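Chemist: I would like the atomic coordinates for the input below:
(chains A, B, C, D, E, F, G and H, ligands or ions: 8)
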Amino acid sequence: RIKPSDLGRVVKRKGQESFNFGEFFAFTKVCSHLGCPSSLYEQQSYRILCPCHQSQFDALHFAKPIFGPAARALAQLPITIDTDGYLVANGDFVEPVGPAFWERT
Amino acid sequence: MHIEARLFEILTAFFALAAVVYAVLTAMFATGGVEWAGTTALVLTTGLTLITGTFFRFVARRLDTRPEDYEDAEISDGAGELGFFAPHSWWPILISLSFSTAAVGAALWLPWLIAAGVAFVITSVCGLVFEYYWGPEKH
Amino acid sequence: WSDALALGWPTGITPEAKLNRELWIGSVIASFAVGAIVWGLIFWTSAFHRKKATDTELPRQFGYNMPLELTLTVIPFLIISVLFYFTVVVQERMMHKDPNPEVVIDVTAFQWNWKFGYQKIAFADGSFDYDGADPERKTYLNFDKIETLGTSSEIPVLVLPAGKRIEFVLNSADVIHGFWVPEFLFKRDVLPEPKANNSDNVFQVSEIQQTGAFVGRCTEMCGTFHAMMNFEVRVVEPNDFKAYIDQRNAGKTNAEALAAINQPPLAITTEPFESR
Amino acid sequence: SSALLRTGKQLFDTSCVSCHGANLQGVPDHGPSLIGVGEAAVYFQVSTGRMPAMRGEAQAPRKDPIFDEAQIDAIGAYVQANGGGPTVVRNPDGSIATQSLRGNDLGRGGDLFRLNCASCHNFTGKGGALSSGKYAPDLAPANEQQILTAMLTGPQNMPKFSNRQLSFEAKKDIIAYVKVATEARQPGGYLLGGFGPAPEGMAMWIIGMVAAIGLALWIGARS
Amino acid sequence: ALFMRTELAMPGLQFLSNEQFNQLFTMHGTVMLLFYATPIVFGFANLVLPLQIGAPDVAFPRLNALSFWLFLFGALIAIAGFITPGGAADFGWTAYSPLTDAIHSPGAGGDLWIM
Amino acid sequence: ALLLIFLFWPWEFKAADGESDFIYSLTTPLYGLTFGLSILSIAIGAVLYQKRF
Amino acid sequence: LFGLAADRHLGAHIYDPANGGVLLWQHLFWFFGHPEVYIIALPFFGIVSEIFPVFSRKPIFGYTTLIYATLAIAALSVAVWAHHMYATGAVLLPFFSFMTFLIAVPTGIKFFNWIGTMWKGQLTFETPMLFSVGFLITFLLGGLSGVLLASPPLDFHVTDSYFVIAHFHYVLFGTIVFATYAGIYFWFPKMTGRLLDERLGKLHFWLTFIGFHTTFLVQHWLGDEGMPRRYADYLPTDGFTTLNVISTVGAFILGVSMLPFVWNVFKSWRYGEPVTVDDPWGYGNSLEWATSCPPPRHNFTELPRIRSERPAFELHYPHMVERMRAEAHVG
Amino acid sequence: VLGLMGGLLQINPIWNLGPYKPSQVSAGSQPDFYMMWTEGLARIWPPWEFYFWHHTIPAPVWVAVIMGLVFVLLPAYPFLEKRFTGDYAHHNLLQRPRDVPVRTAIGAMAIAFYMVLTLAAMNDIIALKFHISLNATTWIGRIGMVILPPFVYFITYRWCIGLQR
Ligand code: HEA
Ligand code: HEA
Ligand SMILES: CC(C)=CCC/C(C)=C/CC/C(C)=C\CC/C(C)=C/CC/C(C)=C/CC/C(C)=C/CC/C(C)=C/CC/C(C)=C/CC/C(C)=C/CC1=C(C)C(=O)c2ccccc2C1=O
Ligand code: HEC
Ligand code: HEC
Ligand code: FES
Ligand SMILES: [Cu+2]
Ligand SMILES: [Cu+2]
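Modeler: Numbering: from 1, shown residues only, chains lettered A, B, ... in the order given. Ligands and ions are numbered 1, 2, ... in the order given. Below is the structure in question.
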């Protein structure tokens, strides 16, 4: 959940302009380098840190990596609410999740 | 040695005078009485010079004239065999490394580093002290 | 001619400041005379005796001149004794602390700003008596009723009358600060607990002749924003000061109480720091 | 005498206004607003000593506290009177509570700690390093109310866990797990700091190998 | 010192900060007084004192090397506060009374300074 | 001593915060301290015998 | 320092202002810190007093007088520590003020003995002599400013300002920097067997002198009007914005002045005119100019007979002892 | 010795950890000290990937080939040295390491490389205990990996010749 104060520094990757519901963004938690949980989230730098080899993704710039051997952004999930007020998924990831291989991401 | 003792006696006399004068001048005329922090330093620097001067005085009274203390002398007087002056040794740098390890372990509060530094200091000092006394190996 | 020999000392606004300036000028002239003499000696011995000329055997091996050394060791003792006597006189004068003052300010210095107190106003005229002490202290600090408190956006301005005995009581909340007004030609350190450390945090000013605005700095090491603790001093007429005080007694800021006596509300010698 | 925050707004004015403003407005150079925050934020920030802060950089470190004799209450009440932030828990005496918040359940508390908290601190609450300066401190010297207010107010670069996503039982159980994990023995000998194989490798190289090589030097001749 | 000067010209904070300036003058004073002058004294002593008194060596020849290495490593320890993210020591060269406490000046550069 | 310690020492897991055991936390250190020290003493005796007889 | 570390790592209540903790630290630190400046001052007095007679072709004026002046400065340096704490209002001012006035004298006799040793000789200005004369000038100005600083009613204004900075920079620079360069240019052959270049030495000296006197002279005026030390910023409405520019120009000149010295040392250590004799500066003393220019291990292959404090001079000029003993007391 | 240090020092306390679950993680994730070089090499290798037609070559491929190259260069050293020096005789007397300066320098360079790779694996512990930035340690390792081996080579060569003298 992003503070309402900023909400103007978001960059919104080319194919996922409507994947967020207000101030919720819901990125994946599997690091795009070798698959450890990227769970270290710094609340006022908006950086996600993978503790296995220390990559850093920019939560305000479609989870773009900004340090380390990580080279691909984290996948984003589309969300919304249902007719009762609960958070549901609005589809599927647009691309595979996790480490890469010969075929594709 | 007669002149070193006289130097230290002069210094001790002046330091004792200054210490007493400062103490009795701050007992009065001062805001809170005796100052208690310069007084102590002064009496104990007096004690330092007193210890050194007294040792030199005893050694001078227990000694016969020396070619250094003696004028009138020639280089054939000191002809002889001096002491033992250590040639090359590599233990000082290890002692310094150990002490620096202990110091940096005390700066950043890390007890394991302090313990390791103390152990290394003991080991290096033992190596320095025993360097010219180890005998040949027993096989 | 004397603005040069003062080496940039600002002229005083207090009698003791003027005594201090007189002593400073005298001592500067004396030291300059000594330096000129000795530099002349050096330039002479290096300009003429330099002549390792066409002819030379070896100059002369002389090394002892007992009477000359006795003379040149006896004269500096007198030269320093004169100025020691004079400085003792002046430094005794500048710290008199007469028992009965007429205005008593409580200066508190905290982390990177000031706060002034107005502890007591009692003119020798019988024209104005006031007491601002406060048991708001529910412990060495002093708390008052009329407190001008400075913030990072407004330079705290202290207002004082002209031609009255002033007394300053210096206390600090956290660390050592410095209380320097370059026009008083005087400064004193603001200690945390001045009584447990055997320092007297009280000094007086005989009178302030000129009126106007003057700047003050901190002269210690306070930490990050040491260079951003400036304040100001406004010296006004006694009746204008009385009007300021009685208009401040009715709840009003310093800016409006200053504007109500036809004076600029903000500090005119200092501006708040943008680069903070 | 709750109608007395004249103390409070006596200490703030002489220790905070240079970085937060006279009206708690957040001097646009250094400090935040401090309006929406409450008594819990002030309690955690001052009691641990991170408050009144010197120069201020990537992380204000923990230091010795300046204020007590019930003046942490004074500043807390004064700040709560200017907003609606969270408040500190109290016991039936009016003091700040303790051992009744020990989530009698340590399994659930430990699972919650490993899912939510262990990523930045540790398996057992040792420190952890963040990016570019900042780190996550050790959880050993913090008492119970400090743990609660820490995960309730969300201090610098630490996420904020509300009472809706982490209910009060969850918080009590996490507190109990932390306080038990920091005070249990090591039933295998001297633990080498709480971390993984780095102290173990160092201890091997600097104890076992030197013992073995020293005995090899003693037994065998040198030539 | 050159960094200090080039900041002190031209009013306004052009490229430094307040913290960095304080660290600069602290470390300048410390280095120039304790890591350059006091050891250069013993440098000249070790160079030309035994020659001047007509001796073959100093009294204790290994204590000499011990002194040199202690000096070098102490200096390196004290200087290595700049690689700390908080910086070096920021109080004065003189380290006045309550400013170097634990409440004020809480960084990890003062510890290295002291040791 | 190793044999006696292994036979008669309180070894079961007792950890809690009410009854601070501290006797269970010493059960493995004692095993190691007796076993290793016994066999080390035997080795040192053997080395001395080889070096001096 | 151990007390301070205990207070920082254990909360040891040693220096709290509640106790006498604020003035205790200052007393201890300054009792250390004044002997420190005299420690780094005295041996360089020795260096210059040892360089002067070699290039003046004369004996050192007042040997025993210089020894007594050194002893007096040493004895007095430990009982003046509190002239650094005038503005705290917690010390006995007349005691320390008078005793600093007292310590001002032996330095004067030392200065006069140096000037006397240079008097009516045969001067030649090679780089060591040039640096020694620079030392003389700079230290005189610094000591004048210091004795001006020693009176309490004046320190009540100029303390913690740039006047103090100018003062101790004069004394520190003039002593360590100039006497150290003199000692280097003097004893480089005796430790290497080569000779440093002289044109580069003169260029170095003049650059250093000009840059130094242009970077630190205006700071007296800059600090007399209110500008305290340890400020990172100031306002344009204040004065003193041109003096800071002059000072920074001087600082950059001083910074550029170091290239000739390191270039000279880098070139002259390997190349450079070799020395195949003892005493490359003729008319030397002190028994170090009586052994091969790079001394052997153990420093000596033979010693001369010692009768005075100029043994090498009497060794290289044996026809001079009668004239050195005859006219040694004219003055 | 093994019994003593297995009784007095604690190693791998699995109960302080938990069972493996793909959703939770901790901060110190190092292997034992003989795989730390593999981990450090994976940490300090820059993110260089190649994307061409319908395919992807990720970064850890680099770690794979470097690891394999090390494991291939270890067993094939004697043949390299005999090809380069051209000496094929029988030898039963050993050499003192100071008499062969080039091989000693090569070995010291390899040991320095290994030490850099091993220390680059405890980034978190070093940056936490000793107050250093994390990005700083990453870049220190990334640059040391290139400038420390040759410096060590130079110093070791000169040191060997000094011992000979
Ligand atoms: C290396 C040297 C050095 C030397 C030699 C000196 C020499 C002297 N110093 Fe200085 N001083 C410092 C380094 C030095 N100082 C430093 C580093 C500081 C402050 C640092 C800090 O605070 O951070 C300092 C600060 C300092 C202060 C306090 C500043 C303060 O207010 O904060 C004072 C005065 O009390 C002082 C006085 C003197 C005096 C009286 C001498 C006397 O020794 C000098 C006397 C010299 C003369 C050259 C006289 C020449 C003689 C003749 C020509 C006869 C002339 C006779 C008459 C005029 C009577 N020094
Ligand atoms: C022995 C001592 C000594 C020396 C030599 C110096 C040298 C210089 N000092 Fe320093 N100074 C002090 C001791 C010394 N100082 C002390 C004690 C203080 C106050 C301490 C404090 O307040 O805490 C102080 C404070 C101080 C200040 C003010 C700090 C403050 O604001 O209060 C200033 C500048 O105004 C200053 C300037 C200089 C300058 C311009 C030089 C010039 O002499 C130096 C010129 C030098 C060079 C430029 C080096 C050349 C460099 C290059 C060639 C760069 C090459 C780089 C690489 C190869 C790495 N000094
Ligand atoms: C000597 C040999 C390596 C040369 C091989 C020739 C080479 C051309 C073949 C190709 C190899 C390739 C190209 C590069 C090799 C680099 C690396 C990738 C190799 C992987 C495995 C490798 C072959 C293993 C060799 C490593 C080396 C031989 C270690 C020996 C170290 C020395 C001799 C120990 C002597 C005594 C010792 C110093 C006692 C004091 C204790 C000190 C502090 C040990 C230092 C230390 C170490 C060594 C740790 O591993 C460690 C791990 C975790 C925590 C701490 C430490 C630690 O402090
Ligand atoms: C300018 C120096 C400074 C001083 C003095 C200071 N603060 Fe702070 N304060 C900060 C900074 C900077 C932060 C930002 C939090 C952070 O980044 O760690 C902060 C944060 C806070 C917070 C938490 C803000 C939040 O959103 O959670 C509180 C509460 C607070 N301060 C209260 C105080 C109290 C109480 C005092 C003591 C009277 C005080 N401040 C004095 C600088 C200061
Ligand atoms: C890496 C993100 C992060 C997460 C996730 C996190 N912490 Fe923190 N924690 C921090 C940081 C950063 C600080 C330092 C804040 C400060 O110093 O102002 C901190 C401080 C604390 C402190 C204060 C420690 C002390 O000694 O004062 C406690 C207690 C704490 N956290 C508990 C928790 C608990 C419980 C959780 C799990 C609900 C948690 N933390 C999750 C990063 C994190
Ligand atoms: S797995 Fe997240 S960085 Fe390699
Ligand atoms: Cu200030
Ligand atoms: Cu002072």
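
Chemist: chain E: helices as residue ranges?
Modeler: Per DSSP state H, chain E has helices spanning E:2-8, E:18-34, E:37-53, E:61-79, E:109-114. These are given in chain order.

Chemist: does the shortest one come close to ligand 2?
Modeler: No. Under the criterion of C-beta under 6 Å from any ligand atom, ligand 2 is not reached by helix E:109-114; the shortest gap measures 12.3 Å. Yep, even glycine has a C-beta here, placed from its N, CA and C like the rest.

Chemist: tell me the centre residue of chain H?
Modeler: The residue lying closest to the centre of chain H (C-alpha atoms, centre = their mean) is residue H:114, at 2.6 Å.

Chemist: contact partners for residue 98?
Modeler: Just going to use chain A. Counting by C-beta atoms under 8 Å, 6 or more residues apart in numbering or on different chains, residue A:98 touches A:30, A:32, A:35.

Chemist: chain H is the one I meant
Modeler: Residues touching residue H:98, when contacts are defined by C-beta under 8 Å, 6+ apart, comprise H:104, H:160, H:163, H:164.

Chemist: so the residue lying closest to it once chain neighbours are set aside is in which element?
Modeler: Among residues not flanking residue H:98 along the chain, residue H:163 sits closest, at 4.4 Å (C-beta to C-beta, 6 or more residues apart in numbering or on different chains). Secondary-structure element containing residue H:163, defined by DSSP states H and E: helix H:134-164.

Chemist: so who does residue 10 touch?
Modeler: Reading this off chain A. For residue A:10, the contact set (C-beta under 8 Å, 6+ apart) comprises A:2, A:60, A:61.

Chemist: wrong chain, I was asking about chain D
Modeler: C:136, C:143, D:74.

Chemist: nearest to residue G:92, out of these: which one, please.
Modeler: Top of the list for closeness to residue G:92, among those and by C-beta to C-beta, is residue C:143 at 33.3 Å.

Chemist: which residues touch that closest one?
Modeler: Contact criterion C-beta under 8 Å, 6+ apart gives C:117, C:134, C:136, C:137, D:10 as the residues in contact with residue C:143.

Chemist: hmm, try it at 6 Å
Modeler: C:134, C:136, C:137 (C-beta atoms under 6 Å, 6 or more residues apart in numbering or on different chains).

Chemist: for it, give its distance to chain G.
Modeler: 19 Å (C-beta to the nearest C-beta, to the nearest Å).

Chemist: give me the neighbour count for the closest residue to that residue other than its chain neighbours.
Modeler: When the adjacent residues along the chain are set aside, residue C:143 lies closest to residue C:136, with 4.4 Å between them (C-beta to C-beta, 6+ apart). Burial measure for residue C:136: 12 neighbouring residues, criterion other C-beta atoms under 10 Å in any protein chain shown.

Chemist: quick one: the strands in the chain?
Modeler: Picking chain A for this. With DSSP state E, the ranges of strands along chain A come out as A:40-42, A:47-49, A:56-58, A:64-67, A:79-81, A:87-89.

Chemist: chain C, not that one
Modeler: With DSSP E applied, chain C shows strands at C:103-110, C:113-116, C:120-122, C:129-131, C:148-149, C:157-161, C:166-172, C:177-181, C:186-190, C:202-205, C:212-216, C:231-236, listed in chain order.

Chemist: re earlier: so which of the helices of chain E is the most surrounded?
Modeler: Mean neighbour counts were taken over the helices of chain E using mean count of other C-beta atoms under 10 Å in any protein chain shown, and the top value, a mean of 22, falls to helix E:109-114.

Chemist: tell me how far residue A:19 lies from chain C.
Modeler: Counting by C-beta to the nearest C-beta, the gap from residue A:19 to chain C is 41 Å.

Chemist: give me every residue that touches the residue nearest to that residue when sequence neighbours are not counted.
Modeler: For residue A:19, the nearest residue in space outside its immediate sequence neighbours is residue A:78; the separation is 4.4 Å by C-beta to C-beta, 6+ apart. Residue A:78 makes contact with A:19, A:90, A:91 under the criterion C-beta under 6 Å, 6+ apart.

Chemist: rewinding a little: state the helix or strand in which the residue nearest to the centre of chain H lies.
Modeler: Using DSSP H and E, the element containing residue H:114 is helix H:101-119.

Chemist: touching chain D at all, the helix or strand following that helix?
Modeler: For helix H:101-119, the succeeding helix or strand toward the C-terminus, using DSSP H and E, is helix H:123-129. Yes. Helix H:123-129 comes into contact with chain D when judged by C-beta under 6 Å from any C-beta of the partner chain, the residues involved being H:124, H:125, H:127, H:128.

Chemist: make a PyMOL selection of the buried ones in those residues.
Modeler: Command for PyMOL that selects the buried part of the residues of helix H:123-129 next to chain D, burial taken from 16 or more other C-beta atoms under 10 Å in any protein chain shown:
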select buried, chain H and resi 124+125+127+128
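
Chemist: count of residues packed around whichever residue of chain C sits closest to ligand 6?
Modeler: Distance from ligand 6 to each residue of chain C (C-beta to the nearest ligand atom) is smallest for residue C:224, at 36.6 Å. Using other C-beta under 10 Å, residue C:224 is surrounded by 21 other residues.

Chemist: and residue G:26, by the same measure?
Modeler: For residue G:26, the number of neighbouring residues by other C-beta under 10 Å comes to 23.

Chemist: what separation do you get for it and chain D?
Modeler: In terms of C-beta to the nearest C-beta, residue G:26 sits 21 Å off from chain D.

Chemist: apart from its chain neighbours, what residue comes closest to that residue?
Modeler: The shortest distance from residue G:26 to any residue other than its chain neighbours is 5.6 Å, reached at residue G:85 (C-beta to C-beta, 6+ apart).

Chemist: correct me, but residue G:96 touches residue G:81?
Modeler: No. Applying C-beta atoms under 6 Å, one finds residue G:96 not in contact with residue G:81, separated by 7.8 Å.

Chemist: contacting residues around residue C:20?
Modeler: Taking C-beta under 6 Å, 6+ apart, one finds C:185, G:153 in contact with residue C:20.

Chemist: returning to what we had before: now do the same contact list for the residue of chain C closest to ligand 6.
Modeler: D:55, E:18 are the contacts of residue C:224 under C-beta under 6 Å, 6+ apart.

Chemist: give me that answer again for 8 Å
Modeler: By C-beta under 8 Å, 6+ apart, the neighbours of residue C:224 are C:112, D:54, D:55, D:56, E:18, E:19, E:22, E:90.

Chemist: ok, it to residue A:103 distance?
Modeler: Relative to residue A:103, residue C:224 is positioned 56 Å away (C-beta to C-beta, to the nearest Å).

Chemist: re the thing from before, would you format the contacts of residue H:98 as a markdown table with neighbour count included?
Modeler: Shown next, in a markdown table, are these (neighbours: other C-beta atoms under 10 Å in any protein chain shown):
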| residue | neighbour count |
| --- | --- |
| H:104 | 20 |
| H:160 | 21 |
| H:163 | 13 |
| H:164 | 10 |
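
Chemist: and which of these is nearest chain F?
Modeler: Proximity of the contacts of residue H:98 to chain F (C-beta to the nearest C-beta) peaks at residue H:163, which lies at 31.4 Å.

Chemist: picking that back up, how near is the residue nearest to residue A:19 to residue A:17?
Modeler: In this structure, residue A:78 and residue A:17 are separated by 11 Å, where distance is defined by C-beta to C-beta.

Chemist: before we move on, what about residue C:173?
Modeler: When distance is defined by C-beta to C-beta, residue C:173 is 54 Å away from residue A:17.

Chemist: chain E contacts on the stretch 151-300 of chain G?
Modeler: Those residues of the stretch 151-300 of chain G that sit near chain E, judged by C-beta under 8 Å from any C-beta of the partner chain, are G:172, G:176, G:180, G:183, G:187, G:190-191, G:230, G:232-236, G:241, G:244-245, G:247-248, G:251-252, G:255, G:286-288, G:291, G:295, G:298-300.
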